[PDB]
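Residues per chain, in single letters:
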Amino acid sequence: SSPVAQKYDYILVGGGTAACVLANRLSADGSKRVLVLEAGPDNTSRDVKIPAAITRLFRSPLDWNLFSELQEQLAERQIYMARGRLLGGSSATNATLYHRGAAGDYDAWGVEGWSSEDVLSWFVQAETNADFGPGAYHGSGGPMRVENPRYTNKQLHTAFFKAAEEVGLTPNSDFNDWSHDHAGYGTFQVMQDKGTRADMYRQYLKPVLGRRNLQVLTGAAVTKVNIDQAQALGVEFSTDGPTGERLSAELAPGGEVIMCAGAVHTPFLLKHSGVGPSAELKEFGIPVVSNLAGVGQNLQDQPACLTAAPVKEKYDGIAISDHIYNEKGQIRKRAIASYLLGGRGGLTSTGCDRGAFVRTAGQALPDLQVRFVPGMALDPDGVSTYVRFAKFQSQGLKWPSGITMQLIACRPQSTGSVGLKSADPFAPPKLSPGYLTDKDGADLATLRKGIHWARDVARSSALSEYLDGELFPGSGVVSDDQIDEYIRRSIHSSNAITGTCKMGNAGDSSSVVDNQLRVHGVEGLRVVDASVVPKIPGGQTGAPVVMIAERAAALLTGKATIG
Ligand SMILES: Cc1cc2nc3c(=O)[nH]c(=O)nc-3n(C[C@H](O)[C@H](O)[C@H](O)COP(=O)(O)OP(=O)(O)OC[C@H]3O[C@@H](n4cnc5c(N)ncnc54)[C@H](O)[C@@H]3O)c2cc1C
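Residues numbered from 1 in each chain as written, not as in the entry; some residues may be left out. Heavy atoms only, no water.

A. Spatial organisation of the layout of surface pockets. Here the second largest pocket is characterised by a volume of approximately 420 Å³. Elements supplying a minimum of two residues to the lining of the second largest pocket: α3 (103–107) and α12 (442–459). Here the element with the most residues in the lining of the second largest pocket is α12; it accounts for 4 residues. In terms of residue class, the lining of the second largest pocket is made up of 11 nonpolar, 6 polar and 5 charged. Looking at which domains feed residues into the lining of the second largest pocket, each of domain 1 (1–149 + 190–300 + 415–435 + 497–563) and domain 2 (150–187 + 303–409 + 437–490) gives three or more. (1 Å grid on protein atoms, 1.4 Å probe; cavity = no way out; pocket = protein on both sides within 12 Å on 5 of 7 lines; lining within 4 Å. Points joined across faces, edges and corners; volume = space filled by probe spheres on them. Helix = DSSP H or I, 4+ residues; strand = E, 2+ residues; numbered from the N terminus. Nonpolar A, V, L, I, M, F, W, Y, C, P; charged D, E, K, R; others polar. Domains from an automatic or database assignment.)

Here it is, written out as structure tokens:
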């Protein structure tokens, strides 16, 4: 009723990060009728604009409220896995930190035409960095905005960097400079524009909403991809929900269907769409169009645990939580005024934007990312505490002052899986994050040795001056067996999720798409989102997505080639 006898050259399933890039590039001439179906609403919320209000998007209408299956290995828990639900997708709901990983992360991909020398100029082509002059590793004209965080906790960030130095770490002045080693302490840059969040809706989609060849519908949840027997021919969606009409959007001659539904819902939509392993599809009575055993496998996610600790009494009031809430739980009016008049203060802060990369056991690249936060966690599950901080507003209590150190296996060997649990295209997928299931216990050994490392740093003379003890895991967690058991019951997601539709050389029976992002054994079907990532890079995964979506877009329209 909105695609009415109209045909599209590109149908984009999803209105997310990679989608917001692609629409911009693909719609940029005038010869292409681009479509962009987003299940979520429009991007118009003030909680999305303000970095600190990310504590309000967890478990919110703007989130898919996805929970994993029972994880036997994780004290028989379901694991909440945040995912954005709106135009801009997860770039609207994320912690905004800007990472590329290391040059060695893309060379180990092994795929042709995507070595570190291949991907570097797409990273830089997409960037306007406020804090690095232009060079081989930093851009000045690209659509993304990147800056150093404009909040600084003068006492507790500097004691963190001293601590790190006291325990023998060396400073990294730029984690995205591939000409030195990835490891060390320092500040993470954030995807922000003078303290306002610069999601991919803001930086890409929004400035081209006036193009007449660009059609973007929200509320439009796609149910499958029409594949006449192989050649895709459209998608089927509903503008109302599970209780709505089953519309259809047609492709024009030589029109392609781009999957941008994320690493959770794209393999999900692929299995419903007849693309998956026959055995899993035969179980729900789904016909098999292409039998690729890679769909839904290889789910990679970076698992986190934390330690938290209160400061001494003499330092009550110097936490970022003291700069955001007052002693009665109301937002400080001064924090609001700095933010609006000047883009400064606690409200520009996703909190976890200072840290380190450490090698725990002399590995080739760092296995451990530390994120330091000068607020105190109140639950061992970091995400939970963030939700608790949102609900804490105006309750009447003082949030206690202290620091949190989050620890993350950033190059984790464990993999997961996404699958079908119901024939209902509107049901939550079968989702198993798979943490701590690698055969060598390597992920577990990183997080445990992260717990020893964070207590070392908390013991340094620079940090012990501020701290009074340790709340999590607590003084009763001393043995190695007690630390792994603390990790198992508290392990949360640092929210990455890659690899569920991986690319690889021709002759890879494990792969889903090829190095040109088109899935094997289907015509005019391609995937351009975090799914294709064959191997998660040491770092938050949003920037590599944009590079994947830019490269894909010039490739489509003739500006670049791969291999
Ligand atoms: C809480 C959180 C914090 C993060 N923090 C950081 C960080 O600090 N730095 C960083 O670099 N990365 C971060 N990430 C990761 C980064 O946000 C994601 O890796 C990236 O945005 C994924 O982009 P994408 O294009 O793969 O998918 P998404 O941005 O997830 O887009 C997929 C879209 O598909 C839509 N969709 C799903 N099903 C359907 C359907 N049936 N019909 C229509 N549309 C559908 C979804 O609503 C969504 O908008 C974070 C992730 C989260 C969740």
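B. The arrangement of the domain arrangement of the protein in detail. Domain boundaries assigned for the protein yield domain 1 (1–149 + 190–300 + 415–435 + 497–563) and domain 2 (150–187 + 303–409 + 437–490). For domain 1 versus domain 2, the distance between C-alpha centres works out to 30 Å. Facing the 45 residues of domain 1 at the interface are 38 residues of domain 2. Summed over both sides, the interface between domain 1 and domain 2 buries roughly 3400 Å², with carbon and sulfur atoms accounting for 61% of that surface. Three residues stand out in domain 1 for area buried against domain 2, namely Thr-55, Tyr-137 and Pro-149, and they jointly supply 19% of the buried area on that side. (Contact = heavy atoms within 4.5 Å. Buried area = accessible area lost by both parts, 1.4 Å probe.)

C. Geometry of the packing of helix α1 (residues 17–26) against helix α15 (residues 542–557). Where α1 meets α15, the axes come as close as 9 Å, and the angle between the chain directions of the two elements is 30 degrees. On the basis of the axis angle, α1 is roughly parallel to α15. Where α1 crosses over α15, the two elements pack in a sense that is right-handed. Across the interface between the two elements, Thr-17, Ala-18, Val-21, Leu-22, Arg-25 and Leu-26 from α1 touch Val-545, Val-546, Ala-549, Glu-550, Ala-552, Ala-553, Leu-556 and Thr-557 from α15. Split into classes, the residues belonging to the contact of α1 with α15 amount to 10 nonpolar, 2 polar and 2 charged. (Axes fitted to C-alpha atoms, helices over the stretch in contact; angles between N-to-C directions. Parallel < 35°, antiparallel > 145°, perpendicular 65-115°, else oblique. Left-handed = near helix turned anticlockwise from the far one by under 90°.)

D. Structural view of the state of the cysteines. Under the defined criterion, the tally for this structure stands at 0 disulfides. Its sulfur unpaired, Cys-260 is 9.5 Å from the next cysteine sulfur, which belongs to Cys-20. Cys-501 forms no disulfide, and the closest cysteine sulfur to it belongs to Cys-260, at a distance of 12 Å. (Disulfide = S-S within 2.5 Å.)

E. Molecular detail of the environment of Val-311. Secondary-structure assignment places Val-311 in the loop between β18 (303–310) and α9 (320–324). Separated by 52 residues in the primary sequence, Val-311 and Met-259 place their C-alpha atoms 48 Å from one another. If sequence neighbours within four positions are ignored, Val-311 has contacts with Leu-156, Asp-316, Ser-401, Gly-402, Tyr-466, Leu-467 and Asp-468.

F. Spotlight on the sheet that holds strand β20 (residues 368–373). Taking strand neighbours across the sheet as the criterion, the 6 strands line up as β8-β19-β20-β21-β18-β24 in an open arrangement whose pairing is antiparallel. With one partner strand each, in any of the chains shown, β8 (184–187) and β24 (492–493) form the two edges of the open sheet. Here β8 pairs with strand β19 (residues 354–358) via 4 bridges, running antiparallel. Opposite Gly-184, over in β19, you have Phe-357 as the bridge partner. Each of β8, β19, β20 and β21 (402–409) touches helix α5 (residues 156–166); the most contacted strand, β8, lies at about 165 degrees to it. (Pairing = 2+ DSSP bridges.)

G. Layout of the side chain of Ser-27. Among the secondary structure elements, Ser-27 is positioned in the loop between α1 and β2 (34–37). On the accessibility criterion, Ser-27 (1% relative accessible area) is buried. At a separation of 2.7 Å, a polar atom in the side chain of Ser-27 contacts the main-chain carbonyl oxygen of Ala-23. Contact partners of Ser-27, with chain neighbours within four places excluded, come to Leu-22, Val-34, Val-208, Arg-211, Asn-213 and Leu-214. (Buried < 20%, exposed > 50% of the residue type's maximum accessible area, 1.4 Å probe, protein only. Polar contact = N/O pair within 3.5 Å; in protein donor to acceptor, adjacent residues only side chain to side chain.)

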